[PDB]
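The chain below stands alone, shown as structure tokens; this is the form deposited in one PDB entry.
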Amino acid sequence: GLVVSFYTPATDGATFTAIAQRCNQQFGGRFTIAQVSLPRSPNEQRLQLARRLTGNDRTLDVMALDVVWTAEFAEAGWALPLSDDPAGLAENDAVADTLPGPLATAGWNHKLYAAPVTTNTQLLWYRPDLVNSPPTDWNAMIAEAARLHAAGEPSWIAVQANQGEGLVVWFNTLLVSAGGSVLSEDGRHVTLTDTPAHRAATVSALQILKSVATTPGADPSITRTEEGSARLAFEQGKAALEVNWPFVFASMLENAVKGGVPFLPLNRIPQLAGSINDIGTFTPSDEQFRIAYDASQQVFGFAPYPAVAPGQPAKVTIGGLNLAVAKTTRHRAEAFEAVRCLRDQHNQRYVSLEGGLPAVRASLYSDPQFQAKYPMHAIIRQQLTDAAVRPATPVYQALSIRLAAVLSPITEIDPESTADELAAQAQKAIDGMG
């Protein structure tokens, strides 16, 4: 029958293809979900979607939107409110058995404009064979990296943060962790330097950025403007400390079985031969997962995101993907039905245990079966409960562009003057300037 297009980031394409295919089996020919890949960066994802929307591409049906785009797509009329579902089932489905943090990312003006499908929060990953105890705050991160450098051991702090949204996320986590905020609640005012407490928080976050940037054993690519990957930098053995989203777990094991991780030769374990399936995905038995995880645990561990202040946890910036229905769709009913299928319990378990992307269904974090294959579950749920949030505003694209331009390169940050420049650029963003 008809075709419901389903646009997702390229990196997650394969995963959302599998899910889509399963859902197609459940429809029996009534309609077919067809996954289509967007570019890698959130900015480019947004740009492709917005060009199709303003161009009235009537073949665009369902969008996997980054959490930071809701506001814009809601206020422009691009993402239909879930109340526009002709069946009237979308809102109740979206809230049922769904964690409140992601739900909050999917709303605008007290209405839901998308149904959360995946969420995200950054954890600390470390080499336990080189780091005796995972650092609990950023001062300890710095000290541990310096110690590793003084010993000829891999000394990088692999943070997914170049000159784009990753750097803004890093800064936002440090800022909210110190009690600060980019914008006011209503999104109408810049709150980086408007009070002494707010300015102090901003200055603390910037000092952490500058100190990490100028720690001996730093990756020489902090000024060399490229697009390196913290995941790969850790997998190649150049970093003993990484902060990144949980999918790196699924990466480690998988690439370790493929022979791509030098310090973790899971490819040399006979019991794991053939655990990579015919399309390149690590799909172990229960026994094979036990073997792989046990071997991994000697050189690969995880821990909470490092706090900025000793004594209490960090407040970690939430990310993820919400399923929105395009205003361009010719088939609202089928599009919302597809959304409901793509986020069901089976497909949530799949998106986590095979795609590595944290699920939004609360039940799964209370599911021992799920917990056995997703060992980061407790820290993830805890950080999702106390999550930091990037400001929700229709001008988020320009705001993030300007903030990243000020923050980069982090080696040239001067906390006081940089705080003032961040405030000025954020004010330009919310004033209407991009």
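All residue numbers are counted from 1 along the displayed sequence.
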Once you work out the mean C-alpha B-factor for both 95 to 103 and 129 to 137 from the entry, which is higher? 129 to 137
Residue range whose averaged C-alpha B-factor is higher in the record, 63 to 71 or 38 to 46: 38 to 46
Hey, out of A303, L209, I222, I318, whose CA B-factor is highest in the deposited coordinates? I222
Take the CA temperature factors straight from the PDB entry and tell me which of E227, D194, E337, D344 peaks. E227
Quick tally, chain-level thirds of C-alpha B-factors: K238 sits in the highest
Ranking the modelled residues of this chain by C-alpha B-factor as given in the entry, is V261 in the lowest, middle or highest third? middle
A392: CA temperature factor from the record, placed by chain third, in the highest
Which third of the chain does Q312 land in by C-alpha B-factor: lowest, middle or highest? highest
Is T281 in the lowest, middle or highest third of its chain when residues are ranked by C-alpha B-factor? middle
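Keep in mind that the form deposited in another entry is not shown, yet the notes after this line are about it.
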With the chain divided into two rigid parts according to how it moves between the shown form and the other one, are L2 and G164 grouped in the same part or not? no
